[PDB]
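Enquirer: quick one: initial chain(s) of a complex, as found there:
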Amino acid sequence: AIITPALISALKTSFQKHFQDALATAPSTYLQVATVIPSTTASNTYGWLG
């Protein structure tokens, strides 16, 4: 008993991680309106026959 503020303030406590990833919004909502096309290139040319 009779503990100084530093010892109480000292990290006797454990550090969790439940805070992190809580606001992690799910990405990839753009796949519903867009398609992913690899380039491997400075530019891309798209030309189709009628």
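Expert: In hand now; what should we look at? Residues are numbered from 1 along each chain as shown, chains lettered A, B, ... in the order given.
Enquirer: how close does residue A:38 sit to residue A:3?
Expert: 62 Å (CB to CB, to the nearest Å). The C-beta positions use only the backbone N, C-alpha and C, and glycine is treated the same way.
Enquirer: those two: which is more packed in?
Expert: It is residue A:3, of residue A:38 and residue A:3, that has more neighbours when counted by other CB atoms under 10 Å, with 10 against 6.
Enquirer: residue contacts, residue A:44?
Expert: Going by CB atoms under 8 Å, 6 or more residues apart in numbering, residue A:44 touches residue A:37.
Enquirer: the same query, at a cut-off of 7 Å, please.
Expert: For residue A:44, the contact set (CB atoms under 7 Å, 6 or more residues apart in numbering) is empty.
Enquirer: and chain B on top of that:
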Amino acid sequence: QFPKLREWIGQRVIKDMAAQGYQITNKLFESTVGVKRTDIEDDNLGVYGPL
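Expert: Take a look at chain B, now in place beside the chains above:
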């Protein structure tokens, strides 16, 4: 070079040689070129290969 031989005139004369030197200091040279990395990455043709 040693002095030329001359006819003794009555009393021999002490002469002296002439030595000289020559110094050259090193010089530092540089040549460089900068290129954007995307151009090298987008180099399917191979234009920048012989760099």
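Enquirer: since we added chain B, can you redo the contacts of residue A:44?
Expert: Under the criterion of CB atoms under 7 Å, 6 or more residues apart in numbering or on different chains, residue A:44 has no neighbours.
Enquirer: try the one 3 residues further on
Expert: If you count contacts by CB under 7 Å, 6+ apart, residue A:47 has none.
Enquirer: residue 9 - how many residues pack around it?
Expert: You didn't pick a chain, so chain A it is. Applying other CB atoms under 10 Å in any protein chain shown, we find 9 residues neighbouring residue A:9.
Enquirer: oops, chain B please
Expert: If we define neighbours as other CB under 10 Å, then residue B:9 has 7 of them.
Enquirer: ok, now the one 4 residues further on?
Expert: As a burial measure, residue B:13 scores 8 neighbours (other CB under 10 Å).
Enquirer: can you give me the helices for the chain?
Expert: Answering for chain A, as no chain was given. For chain A, applying DSSP state H gives helices covering A:5-9.
Enquirer: right idea, wrong chain: chain B
Expert: B:37-41.
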